[PDB]
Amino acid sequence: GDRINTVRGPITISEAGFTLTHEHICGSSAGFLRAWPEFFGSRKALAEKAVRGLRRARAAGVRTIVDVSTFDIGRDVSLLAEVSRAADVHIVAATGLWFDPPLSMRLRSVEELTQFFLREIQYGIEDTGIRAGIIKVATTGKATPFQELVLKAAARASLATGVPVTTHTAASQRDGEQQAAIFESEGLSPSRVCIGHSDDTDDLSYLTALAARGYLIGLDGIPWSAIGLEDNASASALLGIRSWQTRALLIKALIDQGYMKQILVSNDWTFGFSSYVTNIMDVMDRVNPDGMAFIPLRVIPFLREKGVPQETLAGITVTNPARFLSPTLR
């Protein structure tokens, strides 16, 4: 409760400092990295790529990252522990389920799913003893019956442990609204939930509505933009055509309405990516060579240049995260 679980062990809340709330070391699939490492060059190579990128973000002031990769995202905790130790960056691991669960998970009940999330948070991931510090869930527009179950089990495990919940949404379709509804029906406080991929929409009306309820708003894909890369149909589809400035501005808008306390910013960056078109990383790395350092290097100066007080900026990147991540029982 006074401590947060990292892949290197528990840390005190003051030890977190500047935290990136939605990132990935690798975006893959369960067992993929162990079965076909060469798809990323090799395991060592992906590891070195990640350490370099984490060292650079650390130089920009980043002290902690929350890796929101779930079992189905192909999360490899041993890999997380190893790059964390090498780059000297704290990494918070996650439990929960994304939108590519295999049959062994899709056929489970809410009760069984609750047990699995609890196992990861209390006993540890696999046989490592490494505990999860957050629960990641997802909807892809209108919730499927299984997705519904996932949300309910995420909510029950949160209640029992104090651990927060972070989500993936189809912003455009106001997914946030349905998720809020389910979480509330389980008795979970909005304050323990972050509504993700929210910078993906321009609808300030949707956003302030959730903020007004106590939810945290995840503006985590700032550098995502295919402007110029309109050549590429795949990239255009994933990245979008809104510029990074446009996304960054959403931050200002919310602050302007009195919501600085409910904002969480991130890059939604990764060093490896197999669950997409081949070579999509190359494309991404071209669009954003700063990688995870983008927020500190480009978004912060930028917002300051627009009237946002530095002190306000420190609250969003240091204060908001600490409050969110500290394990809080009802």
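Position 1 is the first residue in the sequence shown; the rest follow in order.
Per the PDB record, of the two stretches 293-301 and 277-285, 277-285 carries the greater mean B-factor over its C-alpha atoms.
Of the two stretches examined, 67-75 and 234-242, the record assigns the greater average C-alpha temperature factor to 234-242. Based on the entry's C-alpha B-factors, the most elevated value among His168, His90, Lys142, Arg131 belongs to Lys142. If you compare the C-alpha temperature factors of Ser84, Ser185, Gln122, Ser189 in the entry, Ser185 comes out highest. The PDB entry assigns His24 a C-alpha temperature factor belonging to the lowest third of its chain's modelled residues. For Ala314, the recorded CA temperature factor ranks within the highest third of the chain's modelled residues. Among the modelled residues of its chain, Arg58 has a C-alpha B-factor that falls in the middle third according to the deposited record.
Ranked against the other modelled residues of its chain, the C-alpha B-factor of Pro321 as given in the entry falls in the lowest third. For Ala50, the recorded CA B-factor ranks within the highest third of the chain. Only modelled residues enter the ranking.
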